[PDB]
Ligand SMILES: Cc1cc2c(cc1C)N(C[C@H](O)[C@H](O)[C@@H](O)COP(=O)(O)O)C1=NC(=O)NC(=O)[C@]1(O/C(C(=O)O)=C(/O)C(=O)O)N2
Ligand SMILES: Cc1cc2c(cc1C)N(C[C@H](O)[C@H](O)[C@@H](O)COP(=O)(O)O)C1=NC(=O)NC(=O)[C@]1(O/C(C(=O)O)=C(/O)C(=O)O)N2
Ligand SMILES: Cc1cc2c(cc1C)N(C[C@H](O)[C@H](O)[C@@H](O)COP(=O)(O)O)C1=NC(=O)NC(=O)[C@]1(O/C(C(=O)O)=C(/O)C(=O)O)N2
Ligand SMILES: Cc1cc2c(cc1C)N(C[C@H](O)[C@H](O)[C@@H](O)COP(=O)(O)O)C1=NC(=O)NC(=O)[C@]1(O/C(C(=O)O)=C(/O)C(=O)O)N2
């Protein structure tokens, strides 16, 4: 799987960049808990069903995706490889997986979107509502299909790895969308009224926040502790997903991320009730280790592992994988 | 117990063969979980009962067995020792334990069955229904007493040990029954209508699959994650057994396997409600380390450990061992 | 506490004797679980009560004891020190703690009892009922106050340490009461009708066995997996004690043993509802390391630790310690 | 965070003093459990609330504090640094955090209180009720705002580190308030009738003790196992807090301590329902490593971490942090 890639990335990247990537907030309690949560989940597979036409495809936000997965927004991809966002966006397009353009992309969102595929745009709320809504309109004018409003960063968590490294953006990595402020529910309304694209709230962990996101007109949420990078001691998304799925009752798409490292982890997420996962760090290890061709290989291996895991679980379709039962281990 | 044998086998076998044997799918989460599940189970022994006539015998599929245990189907036994299946089948016969002939046996099922004893036949479903049913008829014509239909291998799991070893069958190990396709419930019907032998579905983990197996006319099931070799993250059988036993309500025999390493583990399986266990890897460690006499010694040591464990638990009979209570530890 | 003593004993004893002492059955799952069970138990202390007259004394089987504790029966004490049972019995008497004379004592039970104090006698059932009942009468004629009928040894568990050591009784260690058979409930009746002493069944783990022991006229039970020396995978006593206490409802004394290593462990046992503990291995480490004076020092340190733990928990009396609540940790 | 400081303190202090500070009673089961309890607690953060005016302030015992935190009473602060209590009290005052003057302060309580700020006084009950009540009156005459009656030390726990070190007060460290006896509920009444200051019972772990403390006229309790220094095997405070909070139903302030090492730990304590925490050992590591300026820096870092954690959890106020939900991990 992806475990060699992690090493290959540790080798090629300067320590302080691999730390920017790998790290969480505080004591990294939430970073590690993301993995322990997935490792505790056991799937109950079903046997003897028709697998003649096993398909990993889903429809999400009006469109077909090849797998129940999107590339998570990860800022400043030129930190990992000279072609940064463009290499990832190309591989994503060719794998039929959505790609989430960041607000802090090291290439302009217009350029990334011209790559084609299914680009989404991740929004950080700026101090000026008009700058925020102009970023939303640019993304929509540029053909982005969803606004992934990041709602768990009223400010960045305390990253002790980057504080200890005195890490700072190299001169040659820029925020290309530019020549910030806590978001609120009113900020969500402002975006929702400005766009006809689906608004996807990223970083929901409370059941009542899931519910309110539906009330608020979200088309989706991402059940996420931000890869353990925001509140240290935040519950993992994976530990809140089943509850959140039951409370939303079909009222928006429910994605999850944090620690997805395999196809089997995708199967577990789907059996908990997720519509799709986001994968972050692994796509940046592939990017670091081998640029566009590395990301394309990661996405093919993940595509094979999802298909393998589904069929061994008796699931012809992602919808069947959602109906699987689970059992929690120790 | 068997722990020396494991070492003795590691010594004598080429690394890549010991890996074929020892390995599971994916990250081996289900391989390890099989052991953690049994280690969590504590038996509540009963005291002061009559042990004058302690007997480990059971009746299963019309016939007496000496212990609540059969040899699991393990392909290509000539990988482990020159006499392969014949050495194991001889030791099994002389120990009064059923032996499961594989579809991928490295000696023909007719030869293995001529050894006598209580041979069962494990069926992999082939692409051609007529080849499948002809393998069933051969087994029945050859005096096999049960068809162990393996229902958890629509295709083989991803074995990272064998992928990393680029492992492949030596020239001198053949599939002797030959000069494959996902099974379904219709495949089960096809076998059930073709034979009067008991059909035993191997690889059931879902309660509703157990129930349906009874509905379908199975004479037995094996509650099994295939030794952690199929879906990585599949629940252990041992973790589903009690639920499955309660749902079947006596309607077929319920075997379990995965990680049985002692007589006490046999006692635990029986106290959870299993009719019998299958033992896989340990019979191949004995075979590797000492051929027929090694398997016979393993089966005598297991026979002594089962009898010891039963009497220390106050059980004169396997039926009394099924009535024991358990308590789950950490 | 006792942890230095363990080392001091490892130093002075031949490896194979320290193994006779330290060891359990099978994989020692039940030996280790005894410790993990006590370590999981947290006491909820009470504050601000009157401690003016804190007393560790109890009345058990008609008589006062200085602490809620007795010395467990441990065979062949001359293995650990030349004065063997006599050194332990002297220290026990002078500490006001009952001492359990073994059926396999390396000094005659008449000699051990002449030491005075509060000797109990542990009975193994022999093949001949008349030899058994004659051992009971000797103990009673010798002034023993209780018969501790060991009911968890229809035969000795498989001790892999002693099998691997080919351990056997030295020539100079004898069974002094001599110049065996599974006990049953009828054996219990036979003893109960032969003596007016309290009969204490040692090795009860099932709730229904506790209840039946009361029905049968037992004056006590010892909730015990025999220090993990009998069924490997037997639940720890400490894990069944609260349930057993509730089911007996005051109908006999309920002792527990296995892994008691401190006064705080005595407090935990009492807060679970035990009347008293037995301590085995620690009394033999003291004996090995320093003979009679070593056992007397162990008993004084345990006496101080029990008194300390009780007062820090707000308990003036052992009866108050039984009313404490507990909380189970991980 | 504080983890470097711990090392810096280990370096500068004599082993036997760092052990006086770091150590618990018995096997330190309760010392370690304090940390495992906090590490098991996950917060469920809320998103998208107004953080325009995030404030860490609370009102407690009539007065504003800058953070939900006080310095715990820790005896003989001149052990850690020449300025001992005065350095800590100065830093506490300037950080707007209450400081708890000990009965065994190595500077007189009148001197410590002249520093100003929000001094509380911790009371150990003496053999003579009149000495006890005269210490209470001195504290009140000296402008202390609360009496923190320590109710979990009828006598000091067995500190094996200090027994093994034969540790004893250096000649140059004195008990400055001087030129002891178990407290009871009558002792609590005696203090309550002698002072109009709030009486805060420190070392409550039982629900019924919490309730009785309210009945008794306490203004507060501290849910505390005394940093694992008193009963070894005492439940952690953090494990009883939620239950205690629910039982008090607003009837007194409920503080907690034991193992608070960060702002996130403060957030966890508050989400469990605590009014405020006490921090002990970390304030003495800062003191040892850098005297007054070290304590002031610790309090600024803790102040920043609390504010960070609150905002990442969507809490504008400590009252909002109390309403957060939690989820217990493994
Ligand atoms: C290096 C880096 C950068 C980001 C992010 C993650 C990493 C690892 N994230 C979090 C991801 O989208 C995301 O939830 C996953 O990382 C968590 O899952 P995973 O890596 O285990 O698969 C991001 N999530 C977002 O919504 N937006 C990002 O820009 C996003 O937030 C920022 C940022 O812009 O600087 C951070 O610095 C940070 O999150 O710590 N950027
Ligand atoms: C080397 C090897 C080979 C097999 C199998 C196991 C091993 C270890 N199994 C699984 C066993 O029957 C079985 O459930 C036990 O192995 C699991 O228990 P255990 O070894 O812990 O006691 C097999 N179970 C079957 O129903 N049929 C086999 O042929 C069986 O499946 C195949 C195969 O034919 O190639 C596999 O390669 C595989 O399972 O991974 N073969
Ligand atoms: C070396 C030795 C010997 C014995 C026993 C224990 C040890 C350690 N026991 C078990 C104890 O009475 C007892 O329950 C405790 O050992 C378990 O608690 P602990 O040592 O953790 O405090 C014994 N319990 C009994 O009722 N009778 C003994 O003679 C007793 O049983 C025999 C025997 O006679 O040979 C054993 O060999 C054995 O138990 O394994 N003898
Ligand atoms: C070195 C030392 C000394 C004390 C105390 C703690 C330490 C570490 N305490 C316990 C604290 O107030 C307190 O609850 C915290 O230590 C527990 O939390 P933490 O250090 O993990 O943050 C104390 N709590 C009190 O109410 N009074 C103290 O004097 C207090 O009790 C005494 C004493 O006076 O000698 C002790 O020796 C002892 O507690 O073990 N003194």
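All chain B residue numbers match Swiss-Prot; in order, they span 5-183, 206-356.
The backbone N, Cα and C atoms fix where each Cβ goes, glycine too.
Under 8 Å, Cβ to Cβ, and six or more positions away along its own chain, residue B:252 (active site, proton acceptor) finds B:154, B:156, B:157, B:161, B:229, B:260. What Swiss-Prot lists as active site, proton acceptor is B:252, and the listing cites sequence analysis.
Counting only residues at least six positions away in the same chain, the Cβ atoms of B:77, B:126, B:152, B:153, B:154, B:155, B:156, B:247, B:248, B:250 sit under 8 Å from the Cβ of residue B:228 (FMN binding site). According to Swiss-Prot, the feature FMN binding site maps to B:126, B:154, B:228, B:283, B:284, B:285, B:286, B:287, B:306, B:307.
Here the deposited model leaves out 22 residues, and the two residues on either side, residue B:183 and residue B:206, have Cα atoms 14 Å apart.
Working note on the binding-site residues B:284, B:306: by count of other C-beta atoms within 10 Å of each C-beta, B:284 ranks first. Long-range Cβ contacts of residue B:286 (FMN binding site) within its own chain (separation 6+, distance under 8 Å): B:42, B:73, B:292, B:295, B:303, B:304, B:305, B:308. Residues listed for FMN, B:126, B:154, B:228, B:283, B:284, B:285, B:286, B:287, B:306, B:307, cover a largest CA to CA span of 22 Å. Counting every protein chain shown, 25 other Cβ atoms lie within 10 Å of the Cβ of residue B:126 (FMN binding site). Look at residue B:252 (active site, proton acceptor): DSSP puts it in a helix.
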